C-alpha cells in the first residue's frame, strides 16, 4: 500500500496548489467585524434580511462542500498528492463556514441567528439545489466508483465552488463596494480568494479524468454536464428572484450568476454558454 512521496511528482500542479492553499491560510479571529455595526444600522430591514439569507445559503454550501464534496471526491482519487490538496481545501471550507457565524454574532441576536438557520434548513430552493449537488457526491458512497461517477462529482464540485456561491457573494461584495459592511467584506474576499483556486484545481482534476474516459462515457458526461449547468441555472434564477426582488437587484445578480457559470465552465475546460458581460462595477469595487 502506497504512502505519499512528495519527492516524486505525481502530476505537474499539485505541489504548486498545495503551497498556494497553505500560503493563503487564515481563520476568522484575524478579522474583527464589530466596526461593521455602524453601517449595518444604515441598511433597511429588507437589505439586512437579504444579507442574512444569502450568508445562510453560503454557510449551507460550505457545510456540504467540507463535509461531503471534498471528502468523497478525495477518497476515490488515486493521486496521493492531489488528495492532500483536496483534504486541505475541505478544512478551509469549514473555516469559511465558521466565518459566517463570526459575522452573524456581530450583526444579529441569538434568536435572530437561530431564525436564519431555521430558514436555511426548511428552504425549498436551497434544499433542491444542495440536493442536486450532493446527489453526485453521495453516488460515491460505495467501495468502487466509475470514472464517470467521479468526473460528475468533480463537475458538481466545480459548479458549487465557481458558480453556485455567486448569487450569494454578490450582495456582500455590492455592499462592500459602497463602503458598507467592509470588515465582513474582507472576510468574504478571503473566502473568494480560496474558492477561486478550489474551482481551478478541481477543474484540472476533472479534465484529467475526462481524458481517460471512453468515447461513449465522454459523450454521456458531456451532455449531463450541460444539463446540470442549466438545471442549476433555472433554480438560481428562482433563488435570485426570491432573495433580491425586495431590494431591486434581481437582474444585476442574474448577470453575475451567468458570469460565474462561464468561469466554472472554463475551469472544466469547456466553452462559455452565456453571453459575455462585464462585471457590475460596484461589485468590482467590492473585490
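Numbering follows the first chain given and starts at 1.
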Would you say residue 12 is missing from a third or more of the other compared entries? no
Is residue 271 unresolved, in the sense of carrying no coordinates, in at least a third of the other compared entries? no
Averaging only over Cα atoms, indicate whether 105 to 113 or 167 to 175 has the higher B-factor in the PDB entry. 105 to 113
Would you determine, from the values in the PDB entry, which of 61 to 69 and 250 to 258 has the greater average C-alpha temperature factor? 250 to 258
Report the option among 147, 123, 83, 98 whose CA atom has the maximum B-factor in the deposited record. 123
Selection by C-alpha B-factor (highest) of 47, 30, 224, 231: 30
Would you mind ranking residue 16 by its C-alpha B-factor against the rest of the chain and naming the third, lowest, middle or highest? highest
Give the position of residue 270 by CA B-factor within its chain, expressed as the lowest, middle or highest third. middle
Would you check the entry's CA temperature factor for residue 52 and let me know if it's in the chain's lowest, middle or highest third? lowest
Lowest, middle or highest third - CA B-factor, residue 130: highest
Where the record places residue 93 (Cα B-factor, split into thirds across the chain): lowest
